[PDB]
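Examining the three-dimensional arrangement
What follows is the residue order along each chain.
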Amino acid sequence: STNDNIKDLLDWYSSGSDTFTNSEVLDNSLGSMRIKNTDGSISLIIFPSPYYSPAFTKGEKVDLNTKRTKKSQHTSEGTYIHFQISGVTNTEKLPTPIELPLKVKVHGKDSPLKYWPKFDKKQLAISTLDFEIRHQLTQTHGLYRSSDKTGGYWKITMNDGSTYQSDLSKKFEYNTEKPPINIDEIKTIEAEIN
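Notes on the structure follow.

About the cut-offs
- Residues numbered from 1 in each chain as written, not as in the entry; some residues may be left out.
- Heavy atoms only, no water.
- Helix = DSSP H or I, 4+ residues; strand = E, 2+ residues; numbered from the N terminus.
- Rg over C-alpha atoms; globule rule 2.2 N^0.38 Å.
- Buried < 20%, exposed > 50% of the residue type's maximum accessible area, 1.4 Å probe, protein only.
- Contact = heavy atoms within 4.5 Å.
- Areas by Shrake-Rupley, 256 points an atom, 1.4 Å probe, with all protein chains shown as cover.
- Polar contact = N/O pair within 3.5 Å; in protein donor to acceptor, adjacent residues only side chain to side chain.
- Pairing = 2+ DSSP bridges.
- Axes fitted to C-alpha atoms, helices over the stretch in contact; angles between N-to-C directions.

**What about the overall build of the protein?**
Helix and strand counts for the protein come out as 2 helices and 15 strands. In summary, the protein has a C-alpha radius of gyration of 17 Å against a globular reference of 16 Å for 194 residues, a match within 12%. Counting only C-alpha atoms, the protein reaches 55 × 40 × 30 Å along its principal axes. Each of the 194 residues in the protein was classed as buried or not, and the buried ones make up 45%. Expressed as a percentage of contacts within the protein between residues at least 6 apart in sequence, the contacts between residues at least 24 apart total 68%. With the model as given, the accessible surface of the protein reaches about 10100 Å², and the carbon-plus-sulfur share is 48%.

So, in structure tokens, the structure goes:
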């Protein structure tokens, strides 16, 4: 039915995500950060974009709404390391949680939402939003499970008119990812499956 590329996408988006709040920056180099999570584990997260280069310094607190690149490890020194990519923002919370205006259209027909979570963070990395949206599409709307649901896009429109969008037939371009956005400044989020 589907082609090998769609199978890669399905595997990536069907899996969950790693979530850690109030993590602390242990080190910040070009393209990566070493973070100590409150539970003890270390997170070594890579940032392949010049447009999104985290400037948090040692000691600063961050939130991780990232995704793992490979299996976690137990090192000889008894440390537990996570290997993730992107998904680092500040710890600012919204006064009250808000539900983002998501509209899905499958083959032109409006498809209702199921289990769409409310958010409480002031800012979320675009990569985080990408998988939240895509995960909803894969688990509730069958995206990537059959050849008749393998294309489309999602578009986020900001209060000021600027838009962000990703092509649902390709993997998210981490390499050119823009900085996290204030979710309370989002006008609409549209997703369409071809």
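**Overview of the environment of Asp160**
Topologically, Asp160 is positioned in the loop between β12 (152–158) and β13 (163–167). Overall, the relative accessible area of 63% leaves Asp160 in the exposed class. Along the backbone, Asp160 and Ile186 are 26 residues apart, and their C-alpha atoms lie at a distance of 9.0 Å. There is a polar contact of 2.7 Å between the side chain of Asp160 and the side chain of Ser162.

**Focus: the side chain of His141**
Tracing the backbone shows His141 in the loop between α2 (126–140) and β12. According to the relative accessible area criterion, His141 is buried, its value standing at 5%. A polar atom in the side chain of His141 sits 2.9 Å from the side chain of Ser111. If near-sequence neighbours (up to four positions away) are discounted, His141 is found in contact with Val104, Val106, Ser111, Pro112, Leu113, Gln136, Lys149 and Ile193.

**A word on the sheet that holds strand β15 (residues 186–193)**
Spatially, the 5 strands line up as an open sheet ordered β9-β8-β15-β12-β13, and their pairing is mixed. Each edge of the open sheet carries a strand with a single partner, namely β9 (109–111) and β13. On average, each strand axis in the sheet is inclined to that of its neighbour by 20 degrees, with strand direction left out of account. The strands that α2 touches are β8 (102–106), β12, β13 and β15; relative to β12, the one it contacts most, it runs at about 130 degrees.

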